[PDB]
Each structure stands twice: as C-alpha cells, then as structure tokens.
Amino acid sequence: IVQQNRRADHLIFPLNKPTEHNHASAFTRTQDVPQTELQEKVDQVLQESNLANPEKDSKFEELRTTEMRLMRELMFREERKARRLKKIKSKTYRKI
Amino acid sequence: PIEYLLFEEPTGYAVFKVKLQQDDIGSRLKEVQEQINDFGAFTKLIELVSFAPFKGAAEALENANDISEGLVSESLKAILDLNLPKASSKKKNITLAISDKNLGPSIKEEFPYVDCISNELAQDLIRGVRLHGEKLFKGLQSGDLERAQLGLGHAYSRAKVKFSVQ
Amino acid sequence: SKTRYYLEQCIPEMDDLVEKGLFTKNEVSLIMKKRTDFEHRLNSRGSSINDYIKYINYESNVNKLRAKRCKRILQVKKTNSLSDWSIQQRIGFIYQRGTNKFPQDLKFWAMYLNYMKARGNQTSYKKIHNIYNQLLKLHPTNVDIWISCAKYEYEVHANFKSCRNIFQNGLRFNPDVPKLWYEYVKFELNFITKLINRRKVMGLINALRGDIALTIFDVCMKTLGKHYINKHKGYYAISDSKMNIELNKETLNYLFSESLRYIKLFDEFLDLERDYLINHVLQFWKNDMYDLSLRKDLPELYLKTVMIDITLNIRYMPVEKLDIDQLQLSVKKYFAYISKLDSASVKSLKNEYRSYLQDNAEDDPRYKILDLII
Amino acid sequence: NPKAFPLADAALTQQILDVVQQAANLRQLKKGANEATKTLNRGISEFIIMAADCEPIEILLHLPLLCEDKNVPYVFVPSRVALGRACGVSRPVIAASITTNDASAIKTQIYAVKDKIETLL
Amino acid sequence: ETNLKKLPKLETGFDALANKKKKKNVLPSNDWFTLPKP
Amino acid sequence: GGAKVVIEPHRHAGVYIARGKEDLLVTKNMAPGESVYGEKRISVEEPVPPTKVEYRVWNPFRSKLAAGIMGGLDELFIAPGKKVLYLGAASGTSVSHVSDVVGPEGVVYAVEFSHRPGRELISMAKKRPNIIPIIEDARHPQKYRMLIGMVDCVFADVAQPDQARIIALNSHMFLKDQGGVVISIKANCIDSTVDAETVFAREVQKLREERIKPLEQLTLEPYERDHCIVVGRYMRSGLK
RNA sequence: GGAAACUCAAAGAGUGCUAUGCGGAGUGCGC
C-alpha cells in the first residue's frame with residue numbers, strides 16, 4: 001500500500017477514512033430514552049400494547065379484486081417493504 | 001476538530017456547522033485575524049445550519065437567565081439534540097464550540113456523546129460570527145437584533161434588580 | 001469566473017445529443033446561448049429566486065422537448081445516452097444551488113420538494129430525508145414543515161414510528177401552536193382507527209382505545225395554558241387582583257374554546273368510542289386551574305359545558321327510536337341541571353328545546369315526548 | 001443581607017470607633033446624616049460610618065446610594081450611643097464622615113481602617 | 001373500506017404554497033448633530 | 001444662571017463648547033424638558049415652525065471623560081456614530097453624556113454590579129432610548145454575552161484592582177477589531193503602596209501584553225488627583 | 001473672468017456585494 005501510494009497522482013490527504021457517524025435526523029430518537037413528559041407518557045401507554053411488527057407479519061400473511069386493495073391500503077410500512085422484497089424475489093423467480 | 005458551534009442570540013439560538021477548520025498554530029497572525037473581519041472569507045469557514053427563535057419574549061428573558069446562570073434550558077436542549085449527530089461508543093466524540101466553561105459541564109451532563117470546546121479558537125470564531133451577525137442568516141429570522149437586545153436588556157436588568165411596579 | 005466551469009460542465013450531454021440525430025448544432029447553440037445567459041444571471045451578483053425559477057422552467061421545457069423529439073425521430077422511449085439522466089440531474093443541481101443561496105422562501109423550498117416527489121418514482125426517500133432534515137433545521141418554528149413531512153411519510157411510507165418521532169419532535173420545538181397539537185391528535189386517531197379496522201379485517205378473514213389521545217390532550221391543555229399565559233404579560237408577571245384573575249380566565253376561555261374545537265372535530269371519528277372519549281374530555285375539563293369554571297365565573301362556559309354534557313349522551317339521528325328508549329338519561333340530566341342552575345336554567349331549557357327541535361306514526365310518540373319537553 | 005449590610009464585628013467596630021474619636025479630636029470628622037451627605041457630595045469624605053439601630057433605619061439608608069456611587073466605603077456599627085460617645089458629643093449620632101485631609105496625623109490609621117472595611121465588602 | 005376512504009386528513013399549506021400564483025398589482029411613483037447655520 | 005451663551009462644535013463630533021464669559025462644555029440632550037442629574041441646561045431655539053432644543057452641561061468635576069476632554073485628548077472613540085460599552089457605569093453622571101454624545105442611532109451598553117445605583121440607572125434609562133442597562137458583575141462577561149453585540153469602543157470607569165483582567169476579558173468578548181479603548185486608572189484604588197505613574201506603567205504594560213496598543217495618556221491633574229485616561233486601540237492582528 | 005449637467009475624459013478614496021465546489025434497488029462485506 002505504499003507502492004500504490006507512491007504510484008498515485010494526487011493524494012487528498014487524510015487517507016485513513018474519516019469515521020463520520022450517522023447524521024442527526026429528526027426521524028429517530030437519538031438517545032432511545034424518554035426526553036420529555038409527553039414522550040414518557042406516550043411510551044408508557046404504548047409499551048403495554050404495540051407491535052414489534054408481529055401483528056404486522058400476521059396481517060401481512062395474506063393470499064376477488066378489491067379485498068387485496070383494502071389489505072394493501074391497510075398494510076404497514078415494514079410489512080409493505082418486506083412484502084415488496086418478497087414480491088420482487090417472486091417476480092425474479094417467475095419472469096425473465 | 002471543532003465541527004459545530006452554538007451561538008446564543010437575543011432572538012433565539014443558532015447552531016453553525018464548520019466547513020473548513022481555522023489554522024491552529026498561526027492563529028495569532030495578521031492574515032488569519034483579518035479573515036474574521038472579512039465577511040466573504042469568514043463565510044468560507046462557517047455555514048448556518050439551524051436557528052430556533054424564542055417563541056415569546058418571556059421565554060427570551062428565561063433563556064437569558066438560564067444562560068447567565070450557566071444552566072441548560074429546554075429550547076437549547078431541543079436545538080442541540082436536533083442538530084448534533086449521535087456518536088458511537090468513544091470513537092469520534094462530536095464537538096461543540098461554546099462560549100463558556102460554565103455552560104460546558106451542564107450540556108456535557110445533558111449529552112454525554114457531545115464534547116465542548118471553549119478555547120481561544122472557539123472564542124475567536126464566536127466573536128467572528130458575533131461581529132458579522134445578521135448577515136449570516138440571510139433574513140432567516142423574525143427579529144432585529146439591536147432592538148431585541150434593547151428590550152431584553154431592560155427586562156434582564158429589571159428582573160435582576162427587582163425593580164418595583166407600584 | 002465559475003460560470004465558465006458550469007457552462008463547460010454542460011457540454012458532453014449536448015455533444016452526444018447532437019452526434020445522435022435529435023438536435024442539430026444550429027439550435028443547440030441557441031439553447032447554449034440561453035443557458036449561458038441563465039447561468040450568468042444565476043451566479044452573478046444581486047440574483048433572485050425568480051431567476052432560479054425561470055431557469056428551472058426552461059430546463060424542464062427543454063427536457064420535455066428532448067423526450068418529444070426522442071419519441072418522434074428515434075421512435076424510442078430513450079436512447080440510453082448520457083443526456084436522459086443529465087438534464088434532470090442538473091435541474092436538481094439548480095434546485096440545490098437555489099436552496100443553498102436562498103434558504104428563506106418556502107415557495108422555492110416547496111417546489112424543490114414537489115419536484116423531488118414527482119421524480120420519486122425513480123429517486124429516493126434517502127434523498128428526501130436529507131432535504132427534509134436540513135429544511136427542518138433551518139425552520140424549526142414553521143409548523144407546516146413538520147405537518148407536510150408527516151403527511152408525506154405517512155401517506156406514502158406509512159411509517160408510524162417516524163411519524164410519532166417527528167410529531168414529538170415538532171411539539172418539542174414549539175409546544176405553543178395549537179395546530180400541531182390538533183393534528184397530532186388527528187394522526188393519533190387516524191392510525192388508531194386504521195389498526196382497529198385492520199384487526200377487523202384480520203377477524204373477518206381468519207386497551208388500544210383513545211387513551212393516547214387523552215394523554216396528549218391533557219398535556220396539550222397544560223402546555224397551551226402555560227404558553228398563552230406566557231405569551232401575555234410579556235416581560236413582567238403583573239401582580240394585582242383583577243388583571244391576574246382576568247388573565248387566568250382569559251387563558252381558561254381560550255383553552256376551553258380549543259377543547260370545544262377538539263370535541264367538534266373529534267366527533268368526525270365514528271369507528272371508536274367517541275362518546276366515551278368526549279366524556280373523558282369533559283371530565284378533564286371539569287376540575288379547573290385556579291378558576292373553577294363550573295360554579296364560579298365563566299358561567300357561559302359552564303352553560304356550554306352542561307349542554308355538551310347532555311348532548312354527549314344525546315348524540316343521535318332522525319331515526320331516534322333508540323333515543324326514545326334511552327332519553328331517560330337525557331331527561332334525568334336536564335332535570336338535575338334545571339334543579340341546579342338559576343338563569344342558566346332558562347338558558348339550558350331553551351338550548352335543550354332547540355336541540356330537541358333539531359331532533360324532531362313514529363312522529364306520534366315523538367310528538368308526545370315533544371309536548372313533554374315543551 | 002437585611003438592609004444595613006456591611007455591619008462590622010466587634011474588633012473592627014472598636015478600631016473604627018477609636019479612629020472616629022481621634023478624628024473628632026483632630027476636627028476631621030463631620031457628624032450627622034445631613035452633614036454626612038453634604039460632605040459626601042462636596043467630595044471630601046474618606047469613609048462613612050452609620051449606626052444600624054436608628055429609629056428607623058432608612059433615615060441613614062439613603063447614604064449608601066450616594067456613597068457607593070461616589071466610590072467611598074461605608075460601614076455600619078451596632079449602636080448610636082456608642083457612636084455618640086465615640087464622637088465625643090452628648091447626643092447619639094447615627095452618621096459620621098471623615099473629611100479627607102493630607103495635613104492629618106491619623107492618615108495611616110485611616111488608611112488601615114479603610115483597607116479592612118473594603119476587604120469586608 | 002369506505003370509512004378508510006372517508007378518514008380525515010392532515011392539513012398543510014405547502015403544495016398550495018408551491019402551486020399558487022401571484023395576482024396583485026403595482027402602483028407608480030437635517031442631521032441630528034448639525035447646528036443651525038446663521 | 002440666566003445669561004446667554006453661544007454654542008460651537010468641538011473637535012470631537014457630538015460635544016459642543018458653550019462660549020460665554022466663562023465657557024462651559026455641553027452636549028445635545030436626548031430627552032428634552034428634563035435634567036437627570038442636577039446640571040444646568042442651556043436651551044436654544046432653532047427657527048418652518050420653530051423648535052426648542054436643550055443642551056446639558058457636562059461637569060468635568062463629576063465625570064472623568066469630561067475631565068479628559070477639556071484636559072485635551074487627541075482623539076476619542078466616542079463618535080456620534082459608534083457604540084459604546086461603558087464598564088463600571090455607576091449612575092447617570094457620565095453615562096447620560098456618553099449616551100447623548102453617541103446620539104439617537106447608536107447604543108451605549110452600560111454595565112453595573114451594585115443594585116441601588118443599578119435601579120436608579122434603569123429609572124434613568126427609561127427616559128432615553130439608546131442605552132442598555134446591565135446589572136451584572138463585569139468579571140464575568142459570559143453571563144451577559146447574550147445581549148451585547150460587537151461594540152466598537154469601550155470605556156472603563158471600573159475602580160477595582162483587577163482592571164486589566166476586566167478590560168481584557170470584556171474587550172476579547174465584545175470589542176471589535178481596531179476598536180477604541182479608553183481607561184480611567186485610579187492609583188489609590190489599584191494599590192496605595194507605590195506611586196501613581198508606577199502603577200500607570202504597570203497597567204500600560206498589562207494592556208500592551210493584552211495587545212491593546214496604547215496611543216495616548218493624560219493625567220487630568222487640574223480636575224482630579226492621580227487618575228489617568230489611557231486611550232488605546234485593540235490591535236488583535238499585528239500589534240507591531 | 002465666475003456658475004448650471006443626464007456635458008464627457010482621467011485618476012483616487014470610501015461604502016457596499018457572497019467575493020462563493022450509469023440510476024432505483026437487490027446482492028455479501030464497512031460498527
């Protein structure tokens with residue numbers, strides 16, 4: 001790796017890669033803890049009955065031309081993404 | 001390694017990203033201390049990335065009290081955890097540049113993944129952004145800073161001295 | 001002059017677009033002429049968003065003409081050249097330049113967003129999330145940012161986890177605006193009826209009632225009262241009798257007008273325990289914050305609260321035979337309230353009379369009960 | 001911090017009262033509240049002494065607002081009759097002021113007292 | 001499914017802000033530290 | 001106390017001479033129809049309907065800046081355009097004159113630590129717009145960094161013996177580059193042991209090691225004993 | 001011989017002004 005560095009035209013110099021971390025988005029809780037009073041109240045209400053997408057996997061367990069439309073419009077995000085992946089693999093195994 | 005800085009204004013808090021690092025050894029040179037007086041070469045250092053104004057003037061007086069006693073208030077907590085990226089375990093601790101070593105440990109306690117720098121370099125580009133000021137925001141605010149700190153100054157003085165109303 | 005750098009950045013796409021036979025050089029020099037003028041006006045001094053807008057409009061129009069002459073001359077959908085992605089990627093580059101130079105105007109921000117949504121067939125929410133993040137950081141106070149972001153990633157992605165995250169973030173940044181609290185409750189009941197009818201679908205083919213809306217309503221009322229009382233009395237807490245009492249009753253006035261708005265567009269939701277949740281709303285409005293709105297002052301609010309307490313059970317239809325069965329609670333409440341109120345006795349009597357007049361062989365026993373109410 | 005804040009303890013009270021007595025015998029002391037504020041805005045006042053048991057307290061508490069404006073030190077003592085006996089006069093004084101004078105024989109004692117009360121505040 | 005269609009929806013001002021147009025009109029056209037010169 | 005006196009512009013802009021038999025020094029009032037301190041006002045009439053505007057006499061025995069002015073300073077930095085950070089603003093003795101020599105456009109951030117002069121200072125400050133009262137200790141400019149922005153001259157009438165650290169911290173935090181520095185030094189309050197220009201030499205050297213280049217000093221001797229007005233500028237880049 | 005300008009030419013200084021960098025994915029690694 002020093003022969004391939006002396007055989008290099010330009011060297012933008014911090015060669016060891018800068019370990020920049022995941023940029024701060026507003027889309028995830030950045031401390032994984034209750035921050036305020038409404039956050040802790042909504043989490044203590046949601047902890048007793050919510051999904052780890054178990055019920056989403058159960059409702060995504062599926063097979064008329066409008067019952068499928070109603071189930072798709074009442075699907076969830078991770079269920080829709082996993083079903084898109086499974087249908088993409090199914091279409092790759094089916095078509096050419 | 002100064003990646004972000006937090007500037008506290010009368011209208012609200014601002015958080016700037018640092019694009020280019022200022023030079024560390026030649027920081028007492030004429031040609032470096034003049035680029036924080038040139039605006040078109042100070043903006044090659046500092047990009048504005050967030051600005052949360054105070055909702056009410058009562059909250060403006062409250063934040064001024066909390067900064068003067070060095071405490072962290074909730075709007076400051078909001079803007080910090082919006083803007084600052086969460087780091088990994090101990091590698092690449094993210095870095096603020098704040099203006100006082102008393103605000104240091106309090107936001108260190110509120111954010112253990114954040115490191116605070118207040119040295120000559122931090123106060124240098126702090127006073128650069130204080131000098132240029134409202135030209136950084138390019139109108140992205142609701143407030144004029146001199147009249148805003150006029151009202152805030154009379155408020156803070158009155159609340160400090162307990163000036164009577166009757 | 002970096003305008004020369006952009007102007008000869010755009011040469012290879014028109015080079016390949018000329019050497020395959022869709023334009024000729026005698027008009028690609030014309031579009032190069034107008035592109036030169038646009039780039040100069042763009043990265044000159046004293047420029048403007050309208051210059052960016054006209055550049056976007058011209059480049060979209062030459063993109064559409066490119067596709068038109070592509071399907072006309074070559075009779076194909078695309079020629080897999082460099083141009084086909086290039087022209088919209090430099091449209092996006094213009095958008096990026098305009099947002100960096102002018103992050104003020106939400107009109108240009110919004111049409112950047114709208115173009116990226118319409119490109120969203122091809123392009124990514126990986127790209128969308130970044131521009132929503134930086135727009136959110138540049139405007140924390142503007143509520144339509146959070147609302148449009150939640151509407152997008154709930155009405156395309158339907159990621160309720162991220163929607164709860166950004167609504168909690170928006171209320172964290174400004175717990176002052178009533179609209180964000182209101183539409184947080186709106187999203188809450190939206191997905192709560194969504195998953196109630198989703199488990200109804202599961203029950204067809206093969207707890208989670210409005211306690212979340214109750215909790216966020218309670219913290220909504222507390223935070224909204226705190227922020228109205230801090231919006232008034234600007235710098236100095238005024239200390240007397242009547243202005244203190246007037247500010248507390250003014251906060252209670254505005255807060256309970258807001259809870260009346262919560263009720264009157266809460267009853268749009270029919271697929272949940274609407275009467276039980278409206279009863280919880282009135283039960284939370286019962287005990288007061290240093291004012292005692294029922295027996296003490298705000299008597300007009302006490303009268304409207306009493307009429308809402310009657311009509312929350314009296315919520316019915318023209319086909320009111322079950323109301324003829326269950327109006328004993330209505331008559332009992334009207335009697336127990338007429339036995340309490342003094343001149344609001346007359347007010348509540350006239351109000352229940354007008355509400356029963358809105359409610360009115362099946363009309364015969366209804367005429368009997370109408371004479372009973374009159 | 002009630003109202004008459006820099007109240008001297010026993011030893012500093014006694015040394016400022018003995019320097020008051022030798023100043024009064026040297027005719028370098030002007031006594032009483034309104035003669036005190038008169039020499040305060042004349043500008044010849046080295047430091048001022050106020051008895052913090054007066055009837056009531058505000059009659060001399062007007063003096064800090066002038067003296068800390070014009071940058072002279074100010075002490076409270078616990079007793080008007082102690083200050084009267086130390087001024088060498090029959091009635092109880094409540095305020096006393098040392099006129100500045102470079103022809104004094106008490107100058108070093110004045111300055112030592114001033115340094116102690118300025119470190120007190 | 002009809003109720004799921006008729007569910008109420010979150011309200012912005014954004015795509016109205018990006019789509020709406022401009023319609024309005026245009027209308028046509030001592031110092032404090034200076035002594036009075038005698 | 002009722003005679004007629006002519007006005008004339010001084011060398012420094014904003015301040016005026018009032019030449020009569022004796023000749024006063026005077027400034028143009030911000031708040032007409034009032035005297036804050038107890039000074040005499042000279043009222044002139046400008047002749048449009050005619051206006052009546054008044055001028056407050058600046059007392060050099062009661063304000064060290066007016067001592068330095070008519071003792072003769074080559075230049076100030078209190079111009080009628082500038083902004084002025086008044087360290088150690090006790091009362092409306094001098095801050096009123098600095099305020100209305102700045103004028104209606106520019107601000108004087110006056111600071112103060114003690115509470116009784118602070119509350120009469122804010123009661124003064126309600127009557128003229130352009131001054132900002134601060135009731136903080138000057139040793140910690142961090143706890144009022146929220147509310148003063150990039151002042152272009154500092155005046156220092158603080159009288160406690162850590163003056164150099166006071167003016168160094170405040171000038172580093174808020175004084176813009178090539179900006180003015182005006183210091184009043186009181187030898188008996190810095191240290192009474194050694195003599196006056198020895199402590200003036202100490203404080204001048206502490207200034208130029210804090211890279212405030214001193215241009216000028218003045219003893220102001222016919223008005224007050226053992227003070228010195230030191231004017232310097234914040235160099236910050238190329239002290240030499 | 002003194003004075004009007006949108007009369008022009010030539011220099012200078014100040015204020016500004018930003019002065020301003022194959023693709024959706026999917027597939028295994030990169031903490």
# chains A, B, ... in the order shown; residues from 1 in each chain; ligands from 1

$ interface_residues --of "chain D" --to "chain F" --cutoff "8 Å" --atoms "only C-alpha atoms" --output "JSON, numbers by chain"
{"D": [65, 68, 69]}

$ residues_around --residues "residue 96 of chain B" --least-positions-apart "6" --cutoff "9 Å" --atoms "only C-alpha atoms (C1' of nucleotides)" --output "JSON, numbers by chain"
{"B": [2, 3, 4, 5, 6, 84, 114, 115, 116, 117, 118]}

$ closest_atom_pairs --of "chain G" --to "chain A" --cutoff "12 Å" --atoms "only C-alpha atoms (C1' of nucleotides)" --output "CSV"
residue,atom,partner,partner_atom,distance
G:25,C1',A:85,CA,10.2
G:26,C1',A:85,CA,8.5
G:27,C1',A:89,CA,11.7
G:30,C1',A:19,CA,10.5
G:31,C1',A:21,CA,9.9

$ residues_around --residues "residue 191 of chain F" --least-positions-apart "2" --cutoff "12 Å" --atoms "only C-alpha atoms (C1' of nucleotides)" --output "PyMOL selection string"
(chain D and resi 111+115) or (chain F and resi 159-163+185-189+193-200+202-203+226)

$ select_by_dssp --residues "chain D" --states "strand (DSSP E or B)" --output "JSON, numbers by chain"
{"D": [7, 29, 30, 31, 48, 49, 50, 51, 74, 75, 76, 77, 95, 96, 97, 98]}

$ write_last_selection --atoms "N, CA and C atoms" --output "mmCIF file, in the first residue's frame"
data_model
loop_
_atom_site.group_PDB
_atom_site.id
_atom_site.type_symbol
_atom_site.label_atom_id
_atom_site.label_comp_id
_atom_site.auth_asym_id
_atom_site.auth_seq_id
_atom_site.Cartn_x
_atom_site.Cartn_y
_atom_site.Cartn_z
ATOM 1 N N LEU D 7 -22.140 45.288 58.189
ATOM 2 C CA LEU D 7 -22.141 45.546 59.617
ATOM 3 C C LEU D 7 -20.882 44.951 60.213
ATOM 4 N N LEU D 29 -13.754 65.217 61.502
ATOM 5 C CA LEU D 29 -14.951 64.400 61.441
ATOM 6 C C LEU D 29 -16.162 65.308 61.387
ATOM 7 N N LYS D 30 -17.063 65.037 60.453
ATOM 8 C CA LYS D 30 -18.332 65.735 60.360
ATOM 9 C C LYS D 30 -19.444 64.743 60.633
ATOM 10 N N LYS D 31 -20.350 65.108 61.522
ATOM 11 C CA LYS D 31 -21.240 64.150 62.146
ATOM 12 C C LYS D 31 -22.695 64.444 61.819
ATOM 13 N N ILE D 48 -17.490 56.536 55.494
ATOM 14 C CA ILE D 48 -18.594 56.952 56.348
ATOM 15 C C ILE D 48 -19.052 55.798 57.223
ATOM 16 N N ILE D 49 -19.568 56.159 58.388
ATOM 17 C CA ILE D 49 -19.966 55.242 59.441
ATOM 18 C C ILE D 49 -21.429 55.504 59.736
ATOM 19 N N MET D 50 -22.218 54.445 59.858
ATOM 20 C CA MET D 50 -23.637 54.601 60.120
ATOM 21 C C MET D 50 -24.075 53.622 61.194
ATOM 22 N N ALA D 51 -24.856 54.107 62.143
ATOM 23 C CA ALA D 51 -25.323 53.285 63.246
ATOM 24 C C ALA D 51 -26.606 52.586 62.843
ATOM 25 N N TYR D 74 -18.270 52.428 53.225
ATOM 26 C CA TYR D 74 -19.306 52.703 54.204
ATOM 27 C C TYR D 74 -19.459 51.497 55.109
ATOM 28 N N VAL D 75 -19.555 51.747 56.414
ATOM 29 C CA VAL D 75 -19.632 50.683 57.413
ATOM 30 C C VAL D 75 -20.862 50.949 58.262
ATOM 31 N N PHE D 76 -21.466 49.890 58.772
ATOM 32 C CA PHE D 76 -22.429 50.049 59.838
ATOM 33 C C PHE D 76 -21.834 49.555 61.145
ATOM 34 N N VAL D 77 -22.236 50.214 62.218
ATOM 35 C CA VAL D 77 -21.884 49.836 63.584
ATOM 36 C C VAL D 77 -23.186 49.507 64.297
ATOM 37 N N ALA D 95 -24.693 59.062 61.963
ATOM 38 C CA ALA D 95 -23.875 59.038 60.766
ATOM 39 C C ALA D 95 -22.669 59.933 60.969
ATOM 40 N N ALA D 96 -21.550 59.517 60.400
ATOM 41 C CA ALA D 96 -20.309 60.231 60.635
ATOM 42 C C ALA D 96 -19.420 60.053 59.422
ATOM 43 N N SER D 97 -18.632 61.074 59.113
ATOM 44 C CA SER D 97 -17.843 61.060 57.897
ATOM 45 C C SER D 97 -16.505 61.733 58.132
ATOM 46 N N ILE D 98 -15.446 61.076 57.699
ATOM 47 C CA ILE D 98 -14.092 61.572 57.873
ATOM 48 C C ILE D 98 -13.761 62.413 56.651
#

$ residues_around --residues "residue 88 of chain F" --least-positions-apart "4" --cutoff "8 Å" --atoms "only C-alpha atoms (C1' of nucleotides)" --output "mmCIF file with N, CA and C atoms, in the first residue's frame"
data_model
loop_
_atom_site.group_PDB
_atom_site.id
_atom_site.type_symbol
_atom_site.label_atom_id
_atom_site.label_comp_id
_atom_site.auth_asym_id
_atom_site.auth_seq_id
_atom_site.Cartn_x
_atom_site.Cartn_y
_atom_site.Cartn_z
ATOM 1 N N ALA F 110 -24.342 50.121 29.016
ATOM 2 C CA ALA F 110 -23.771 50.483 30.301
ATOM 3 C C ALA F 110 -23.919 49.307 31.248
ATOM 4 N N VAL F 111 -22.833 48.907 31.905
ATOM 5 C CA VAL F 111 -22.910 47.816 32.866
ATOM 6 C C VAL F 111 -22.677 48.356 34.266
ATOM 7 N N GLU F 112 -23.111 47.573 35.245
ATOM 8 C CA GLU F 112 -23.074 47.941 36.648
ATOM 9 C C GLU F 112 -23.339 46.678 37.447
ATOM 10 N N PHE F 113 -22.695 46.577 38.606
ATOM 11 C CA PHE F 113 -22.851 45.449 39.506
ATOM 12 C C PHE F 113 -23.709 45.764 40.722
ATOM 13 N N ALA F 138 -18.840 42.728 36.195
ATOM 14 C CA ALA F 138 -18.049 42.842 34.981
ATOM 15 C C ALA F 138 -17.010 41.742 34.850
ATOM 16 N N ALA F 156 -13.873 52.456 30.431
ATOM 17 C CA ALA F 156 -13.739 51.695 31.667
ATOM 18 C C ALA F 156 -13.575 52.647 32.835
ATOM 19 N N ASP F 157 -14.630 52.799 33.629
ATOM 20 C CA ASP F 157 -14.582 53.573 34.857
ATOM 21 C C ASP F 157 -14.744 52.629 36.040
ATOM 22 N N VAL F 158 -14.260 51.425 35.889
ATOM 23 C CA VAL F 158 -14.280 50.486 36.996
ATOM 24 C C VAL F 158 -13.111 50.816 37.915
ATOM 25 N N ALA F 159 -13.314 50.676 39.218
ATOM 26 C CA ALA F 159 -12.323 51.117 40.187
ATOM 27 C C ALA F 159 -11.911 49.991 41.125
#

$ residues_around --residues "segment 326-333 of chain C" --least-positions-apart "5" --cutoff "10 Å" --atoms "only C-alpha atoms (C1' of nucleotides)" --output "ChimeraX atom specification"
/C:306-307,309-314,320-321,338-339,352,369,372-373
